[PDB]
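Here's the letter readout for the chains.
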Amino acid sequence: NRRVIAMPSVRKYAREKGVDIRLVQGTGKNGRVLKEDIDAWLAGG
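Residues numbered from 1 in each chain as written, not as in the entry; some residues may be left out. Heavy atoms only, no water.

- Structure determination for this PDB entry was carried out by solution NMR, as recorded in the header.

- The name given to the chain in the PDB entry is DIHYDROLIPOYLLYSINE-RESIDUE ACETYLTRANSFERASE, with Bacillus stearothermophilus as the source organism.

**Some points on the pattern of salt bridges**
Consideration 1: On inspection of all chains with the given rule, the structure shows one salt bridge.
Consideration 2: The partner of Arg22 in a salt bridge is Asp20, and the shortest N-O contact between them spans 3.9 Å.
Consideration 3: Look at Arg22 and you get exposed, because its relative accessible area is 63%. (Salt bridge = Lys/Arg side-chain N within 4 Å of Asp/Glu carboxyl O. Buried < 20%, exposed > 50% of the residue type's maximum accessible area, 1.4 Å probe, protein only.)

**Quick notes on the layout of surface pockets**
Consideration 1: Estimated volume of the largest pocket: approximately 240 Å³.
Consideration 2: Lining the largest pocket, in full, are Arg2, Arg3, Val4, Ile5, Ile21, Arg22, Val24, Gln25, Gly26, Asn30, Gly31 and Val33.
Consideration 3: Residues that form the lining of the largest pocket fall into these classes: five nonpolar, four polar and three charged. (1 Å grid on protein atoms, 1.4 Å probe; cavity = no way out; pocket = protein on both sides within 12 Å on 5 of 7 lines; lining within 4 Å. Points joined across faces, edges and corners; volume = space filled by probe spheres on them. Nonpolar A, V, L, I, M, F, W, Y, C, P; charged D, E, K, R; others polar.)

**Considerations on unusual backbone geometry**
Consideration 1: Phi is positive for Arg3, close to 60°, though the residue is something other than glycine.
Consideration 2: As for its position among the elements, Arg3 is in the segment before α1 (10–16).
Consideration 3: The class for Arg3 is exposed, based on a relative accessible area of 72%.
Consideration 4: With a phi close to 55°, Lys29 is a non-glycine residue in the positive phi region.
Consideration 5: Within the secondary structure layout, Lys29 lies in the loop between α1 and α2 (35–43).
Consideration 6: The class of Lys29 is exposed, set by a relative accessible area of 75%. (Helix = DSSP H or I, 4+ residues; strand = E, 2+ residues; numbered from the N terminus.)

Next comes the structure, spelled out in structure tokens:
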């Protein structure tokens, strides 16, 4: 449907930070998840 959108390094960072791009709304370019997004996610908001 929407699939995962994130940098090759982000998917790894989130994948490591128990974060899934699915739970992280990327706001990069076309809504791609950035490392900043991953971190913000874990923070809660």
